[PDB]
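Presented below, as structure tokens, is a lone chain in the form deposited in one PDB entry.
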């Protein structure tokens, strides 16, 4: 339960929640206001029904919440806004409005074996000639997870690929950038690396991880979650900017850990105080970071301390150049479609032109049917009378797997018309 005059905060169990509680203790000591930090299971699933004053989560989940009116519009002090990197505020916009405070950023980087490769390539275009040189030493230039588009997208996006178009704190779900010239150029380059034997279509996460950590390949592409394993390996590794393609940066997907204020909270001013005046400060972020590292942070002054570790600076440089993950549920359709596209193209079964054509179709069709399905059901629920079993049957005709739906339809409402329903199937 939310109560006036205290704060309850949720953050996931993998983050520095004891450090966050220390910030909370400071806050309580100065203000008298009790701050309770929790890390519930399924917190991001529970928020919409019963939630706390403040929630910390990846920004992309917050679009759903905002679509439902569940987040307060944040109203940051004017000089404070300039204290965070501008691109981070773009991760916390929904329908043009600020709906959370950004805290930290995460993206892929290029990770390289400094002994094998003292001069990591600035361009993707250099990698074929480098691989040929390394192969003459029993080694390879690059291995990374080719199976998941999260990993291959940075290259595909570089010359102009994008998921959905972002402009003035909004995404246009009609404007999908999967089959444009830039996406084709990048996926062509990837496919070509494989046809020319510089990478293997079956390389996945485990295989690339083990190869880099055994000193068999000079580069991999991965995120901060992978550093600890490389530490154990003793490889003399560096983390740096991704190579450019056609003179443009690789654009990894960026996740931004963000803090949202519950629209239902009677403590919104206190939440702001906590977040702006206590948490998003050198001392506040230090407290969290000491407990469990935040990675690269949104607060410039503290990021400037953290980049003593050059790996953090690399995360940030790649994030600044990357594509913020769109905070809209239409992204689910993007991932399924592109995953297939890249696999088929990397295999040789489809042209690049054709795989990305399929993917763009898939995305358009899935979004249309999802809408159609809701719309047809709403005409359905206006049978209070029928009329709308034809509409219901239209919605059912669309579902590949209608058993689950047929169940609940037998509930609401009348068996005589469930009967009718059955007729049309």
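Residue numbers count along the first chain shown, from 1.
Quick note: we don't show the form deposited with a partner chain bound, though the next part is all about it.
The partner chain in the bound PDB entry: within 4.5 Å of a heavy atom of each of 125, 195 and 237?
Zero of three within 4.5 Å in the bound PDB entry.
Could you tell me which one of 117, 325, 185, 130 places a heavy atom within 4.5 Å of the partner chain in the bound PDB entry?
In short, 325.
In terms of non-hydrogen atoms within 4.5 angstroms, which of the given stretches 131-139, 243-251, 109-117, 150-158 touches the partner chain in the bound PDB entry?
Of the stretches listed, the one contacting the partner is 150-158.
Within a 4.5 Å heavy atom cut-off, is residue 179 in contact with the partner chain in the bound PDB entry?
Residue 179: no, not in contact with the partner chain in the bound PDB entry.
Would you classify residue 204 as touching the partner chain in the bound PDB entry, given a 4.5 Å non-hydrogen atom cut-off?
Yes, residue 204 is a contact residue.
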